[PDB]
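> Provided hereafter are the protein sequence and its experimental coordinates.
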Amino acid sequence: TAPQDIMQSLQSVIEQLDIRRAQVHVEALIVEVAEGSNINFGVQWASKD
Amino acid sequence: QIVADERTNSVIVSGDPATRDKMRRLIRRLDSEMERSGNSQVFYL
């Protein structure tokens, strides 16, 4: 609700803010490659006293 | 003498037929349509 002049302004704003929105599809890719190893080798003795 | 009527959006004018000529020509320019550009613009960033 406004005077005839302000209205014609607010009609060209609303006309330009009413546009159609684009939507986005966002994929993430989480990669992980792990590789372990170990090796253990040793001799032990024991005896009497 | 000029008085404005809100409802019908119209201007009441008074004077002899020569004076009511000028204000009738000057009101046709002040009623001319603005081109697309008000005091408000919309900038898409």
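Thanks, I have the structure now. Residues are numbered from 1 along each chain as shown, chains lettered A, B, ... in the order given.
> When you work out contacts or count neighbours from here on, use the C-alpha atoms and nothing else.
Noted.
> Tell me how many other residues crowd residue 31.
I went with chain A, as the question did not name one. Residue A:31 has 5 neighbouring residues, counting by other CA atoms under 10 Å in any protein chain shown.
> you looked at the wrong chain, it should be chain B
Under the criterion other CA under 10 Å, the count of neighbours that residue B:31 has is 9.
> From chain A, how far off is it?
Taking CA to the nearest CA, to the nearest Å as the measure, residue B:31 falls 10 Å from chain A.
> do the same with residue B:20
Using CA to the nearest CA, one obtains 23 Å as the distance from residue B:20 to chain A.
> since we're on that residue, how many residues are nearby?
Residue B:20 is surrounded by 12 other residues when neighbours are defined as other CA under 10 Å.
> what do you get for residue A:48?
Counted with other CA under 10 Å, the neighbours of residue A:48 add up to 3.
> again, but for residue A:41
One way to gauge burial is a neighbour count; for residue A:41, by other CA under 10 Å, it gives 4.
> Repeat that for the one 4 residues further on.
Counted with other CA under 10 Å, residues neighbouring residue A:45 total 4.
> May I ask which helix or strand encompasses it?
Secondary structure assignment for residue A:45, by DSSP states H and E: no helix or strand.
> Give me the phi and psi for the nearest residue to residue B:9 once chain neighbours are set aside.
On the basis of CA to CA, 6 or more residues apart in numbering or on different chains, the spatially nearest residue to residue B:9 that is not a chain neighbour turns out to be residue A:4, at 7.3 Å. Its backbone dihedrals place residue A:4 at phi -60, psi -30, with angles given as degrees, to the nearest 10.
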